[PDB]
Structure formats: structure tokens, C-alpha cells
Amino acid sequence: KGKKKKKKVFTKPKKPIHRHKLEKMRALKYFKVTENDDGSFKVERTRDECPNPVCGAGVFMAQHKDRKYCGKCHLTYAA
RNA sequence: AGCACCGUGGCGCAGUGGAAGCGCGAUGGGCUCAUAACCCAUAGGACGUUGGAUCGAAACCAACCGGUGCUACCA
RNA sequence: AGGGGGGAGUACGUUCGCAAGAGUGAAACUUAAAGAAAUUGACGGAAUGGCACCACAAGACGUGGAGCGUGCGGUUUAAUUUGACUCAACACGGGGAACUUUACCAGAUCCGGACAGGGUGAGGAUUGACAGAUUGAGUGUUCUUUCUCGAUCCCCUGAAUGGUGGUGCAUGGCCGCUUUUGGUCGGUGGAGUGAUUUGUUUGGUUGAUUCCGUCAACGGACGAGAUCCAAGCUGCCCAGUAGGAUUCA
RNA sequence: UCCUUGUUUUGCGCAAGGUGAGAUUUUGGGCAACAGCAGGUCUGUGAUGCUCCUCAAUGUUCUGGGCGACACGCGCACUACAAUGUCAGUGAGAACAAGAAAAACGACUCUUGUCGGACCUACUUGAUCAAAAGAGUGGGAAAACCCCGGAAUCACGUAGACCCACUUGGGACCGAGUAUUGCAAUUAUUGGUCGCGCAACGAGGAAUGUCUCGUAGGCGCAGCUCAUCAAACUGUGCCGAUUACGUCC
């Protein structure tokens, strides 16, 4: 047994801690609304949902430069 | 400068012709609750050097060398 | 004749004695004990008696010489984690460890920081991650990127917690050893003014404070003994998981 | 108990013999007082006082790699194997032992609240050609299976080989090939056959260990630990003596 007290080789860049990367008003950036035609409001989306039972509700996919992705079932439809 | 004695294991020594030993040591064990005390096993020798005598020796003879004592005192 | 112990039977004076000495006989100063008897311990180059295959006799089998496995000491290493050292350390810590176990070394990760008093709008504070890069790591650790989610998770002090960290000379429990030897204690009675003693003693006997005899002791409690477990023999019990006998082919 | 009416004090008992399955603590264990040690253990525990450490931790880390009782001139402790011709050594044939060990782990298929398999071992095959391995089937929850438990020591009128030599006595070291265990066997993990034996060692100094009858010594098996590996420990069986049964040095 026995023991001592000291830990420091150190003196590098240590890791930052992961911290949430915020999007604000996330729903309104997905759902798009239009000029009003015929008194009826036309709702479109820039986000399309993944076809798996788990994602079958409302749960949308993603959009990167070179890939499309689903954060719910961790999937890739590649671009 | 002669005379005398001595030279053998790390150190001190034994050994009068059939020719490597002892006491202190060193090193490693054992006895003891430990230490002294005391046992045992290991390694360690051109027997000063050279010639001679001798069937044959380290032992006797000679030559030289070294050490110590005694007497010498060097135009 | 004596009036605490020393100083001292010394000093001075004097009488006696040939001499050696004898008689008489202080003080200054110093000290808190000196001394007497009895009892219980301890000790003895005093006396006497008992007991042990961890003691010896007799004599069987080894170790100590070699070659291995394992432990310990020491040396070396980044680390070779560590307890234990005469008998009661050293094939011991159920310790024959590939990882785990694991204390030790190099490196990275996670909150298992409860409890919210102090901060966080619908986005909140928040969780998880494909791909690329970092990296020992096709480890979202972290970043880029975007998506995905309890709002306790998150941010700051106080506090809590966990630890094979320290102290076994803080401590409990358990174990070892003293010690496998036969030992330990009180009541009432007896003896002494009592510290005490008898009982628990001289003797014989037994592994045994085990008994007997003598006897101012008597009667108890623990240890010993007994009660418990296994082995040898046997009764009753029992067989379609035990095993024999006879008959016939 | 009985007897010797021996011995002893009539006593406590003792010796020899008898009786008997067994003859004197019948045999071997477990338990075990009073007073203690500054023995060991904080590495047994949600057994703990006070302290140390706490988010870049001494916590957690079943994370990756190394180290551990493992690393190598040397001392010491315990173990195992030998130096062979008293089974002695390689080959063959015969007989023959007992304590003990195994069963459930949320997956599976069963219906409506539950079957089978993860543990042993037999037989058969593999085997129209080494071992080790492989595969299919069956039994046992243990006095049913394994199991008539074919242990080794041992025995042989087996006309077996061998012959006194470091030899065919002993193997230590050392190279190549292969299969199994496991997530991972590299510092060879364990088996299993070839080569290495020309490496030691020829009964062992001073000293020293514990033993009195089913004992000493020789020999083998199981349990323990546990994916794998026991020269260890715990337990059971076989073969089975010599000497003493006394003393205090």
C-alpha cells in the first residue's frame, strides 16, 4: 500500500467539456408557411421524416452537405 | 667492510633424505533470543635464485641475492 | 548502668604503667532515620524430591551434497504493491494471480456530489449520436456538422460520499501464544493483638489439586473427570436403489 | 469384573495370568479454568474513533497496455526426483481398494401460469490405419447412471530383454510440428511424439527435524482452488516393520 499526493505532468490544452449547441425556434425553421391563397394556408416542410417504426410519428431527419442522417435511429441515407 | 644467523601459504613459523603441514587469517556455512566463545567446509605454495653432491630431498655443499643482529668507522 | 543515630571511647587534663596501654571522659559539627521481632515474596557457586519422543537414552526415516518447483532475504527496474521475522515469520495471509482479481506504474474515461438556499421564458438550462478529424481506440472523450431528447439532468458556494489511504501503541470481534502443564477462588469454623495461616500439609498413589492415610477442619464452585463425535463386536429393524439359495429349461 | 488369597496397611492401588469382539484415560478427536501479551489482523464485513483524499480524485474505472507472490552473479526455508540390480529398468500377462464429487443462472417452447438445455459419465462411431482431437446417441438429481468403481505398491514354472557402466541409471536444459481451453495463451499455459542426454548426481561435513502399532516408511486415488494448469493443502484406502516400554545426564 502506502500513498502520496501529486498528479501534474499537465501543461497541454486540456479538453473543453461538451456543451449543448443551441438552435432557437426549431419548429419554425422546419415548417414553412406561405402567402395566403384561397383563404387556405399551405404548410410545407424542409425536413422529411424517416421511415422506420421508431421514427414513424413526427420525427424528422437531417441535412448535411454530403449525407442525410436521422438522430433518432442513427441512420444514413447518403447523398 | 667483514663475521654470524635467517629466507617455506596473506602474516608468524614447524619439518636432520622416501619429501606440503600448523597456528593466526580471508571467504561461506553451523551452533546461540543476539554477541563473545566454539566447530566444519572452501580457495591460497617457482620450499629466495642458480649450479653441484646424492638411486632419490625443501633439508647437505658452493656461488649470488635479500633481511636482521654483532664487530668495522676507512687518507 | 542507660536517655534518637553519628562525631567518640576520640579531644584536653590527670592518676597509674618500663613499654604496650589501663581508669576517668567532652564539644564543635552533622543527620531523619539507625535499630528489634515476625510474615509474605524473590535469590543462592545450601539441602532434597518430581515430570515431558516439540528433552535425552535405543534406532528406525529424513533434511544439510546435487538437479527442480515454491516461499523469504538481497540486487535491478517506470513499477517489480504489501503483511509476517527465535520457539508462536519463511507451499503462511485458502496468496496454484494471463484479463478481471489488485493494492503498484504509464495514459484516457465516468459521477456513484445526496440535499436546493443562490442563477436558467414558448427556444430554455438539457441527453445521445452518423460522418470527417483528434486519439492506443470504426472510443461523440473532444471539435466541426446537423439532427435527437425526461426539464430532477445543468451552472456556483456550503455539505454529503466513497476509499485494500494512515494509525493494530484509538477500538470492537476473532485467532495465536503464555500452558497441556494441573491449576484457580470464596464461605463458615479454628489459631494469632495482625501482616498471615489452616483448608490447598509431611507420606503413599494416579495422566490428573486423581484418590487414600494422618489430621482443626467441614462443605462448595470452575479446570481435571464426566457429557459429546468417529472406529472395533453385537440385538431389534429392513430391501423392487442391498445379495443370496434351490428348482426347471 | 474374576483369579493369583502374589504385592499392598485392613486402605488407595499395583504386577502377572484368565475371561472376552475389545483389558485399562478400550482406540483416535472435539471441548477446556484463573491471570495475562502494549503477539497478529484497520487486505474478511453497512465492525469502527480520529485524521487524509475528494470532479484534471488516493473515489468509481470489471477501459487499453505493463507490473504482481515471475523480472537475476548470490544466501536461506519447505517440497519433489535421483544416484539402480533388496521391483532394478524400458516389455508382457494375472489379481485388486474407499471415503468423496454432479442440478441452476429471466433466454427457449409450454398453457395460463411451466418444459428442455448450460454439470458429469457410458456406449457407439471416428478407425479400410499415430497420439491428442472430432461427432452422434443414451443414462443419472446420486445405495439406481458412472459401478461388479478392473488403483498403484504387488505377484510370474513369463526358459523376455538388460549386466555394474554415469550404461539401456537419471534426466536438467534445448529445437521443430500439432491439437484443445479462453474474449485475449507472445515472457513458450496446458496435453500429446521425434531429436537434444557426451547437463548434474555414484549415498552425502559441521549440524539438525518428529516419531512407540495398523504406528514409522513406501504407494496411489479423490475433494479443495476452478475456462485452463498442484511437486501444495484437506480427506480416504492399500502394502506394512526395527528398537525401547526407561531416565534425568
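Residues numbered from 1 in each chain as written, not as in the entry; some residues may be left out. Chains lettered and ligands numbered in written order. Part of a larger assembly, values for the part shown. Heavy atoms only, no water.

Per the PDB entry, the recorded name for chain A is 60S ribosomal protein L40, and the organism is Trypanosoma cruzi. This structure appears in the PDB under the title "43S preinitiation complex from Trypanosoma cruzi with the kDDX60 helicase".

On to the overall build of chain A, then. When its secondary structure is counted, chain A shows zero helices and four strands. Mapped from its N terminus to its C terminus, chain A presents α and β elements in the order β-β-β-β. Taken across its 79 residues, chain A has 9% of its residues classed as buried. Restricting the contact set of chain A to residue pairs at least 6 apart, pairs at least 24 apart contribute 8%. Accessible surface, chain A as shown: approximately 8100 Å² in total, 57% of it carbon and sulfur. (Helix = DSSP H or I, 4+ residues; strand = E, 2+ residues; numbered from the N terminus. Buried < 20%, exposed > 50% of the residue type's maximum accessible area, 1.4 Å probe, protein only. Contact = heavy atoms within 4.5 Å. Areas by Shrake-Rupley, 256 points an atom, 1.4 Å probe, with all protein chains shown as cover.)

The next subject is the environment of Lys-72. Of note, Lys-72 is situated in the loop between β3 (67-70) and β4 (75-78). The class for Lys-72 is partly exposed, based on a relative accessible area of 45%. Non-local contacts of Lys-72, meaning those with residues more than four positions away in its chain, are made with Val-54, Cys-55 and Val-59. Looking at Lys-72, its side chain comes within polar contact range of the main-chain oxygen of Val-54, at 3.3 Å. (Polar contact = N/O pair within 3.5 Å; in protein donor to acceptor, adjacent residues only side chain to side chain.)

A separate point is the protein's contact with RNA strand D. Around RNA strand D, the neighbouring residues are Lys-1, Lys-3, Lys-4, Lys-5, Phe-10 and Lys-14. Restricting the count to atoms of RNA strand D within 4 Å of the protein gives a sugar and phosphate share of 28%. (Near = heavy atom within 4 Å.)

Here the focus is the protein's contact with RNA strand C. Surrounding RNA strand C, one finds 30 residues, the nearest of these being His-20, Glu-23, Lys-24, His-64 and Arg-67. The share of sugar and phosphate among atoms of RNA strand C within 4 Å of the protein is 63%. Interatomic distance of 3.1 Å between a side-chain N/O atom of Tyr-69 and a sugar or linking oxygen of RNA strand C. Here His-74 contributes a side-chain N or O atom positioned 3.2 Å from a sugar or linking oxygen of RNA strand C. Considered class by class, the residues forming the surface near RNA strand C number 11 nonpolar, eight polar and 11 charged. (Nonpolar A, V, L, I, M, F, W, Y, C, P; charged D, E, K, R; others polar.)

Now for a nonpolar patch on the surface. A cluster of nonpolar residues, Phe-31, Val-33 and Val-43, forms a patch on the protein surface that exposes about 290 Å² of accessible area. Mapped onto the elements of the fold, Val-33 is located in the loop between β1 (31-32) and β2 (44-45). Take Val-33: its relative accessible area is 66%, and that puts it in the exposed class. (Patch = residues over 30% accessible without salt bridge, like charges linked within 9 Å, V, L, I, M, F, W, Y side chains within 5 Å. Salt bridge = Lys/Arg side-chain N within 4 Å of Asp/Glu carboxyl O.)

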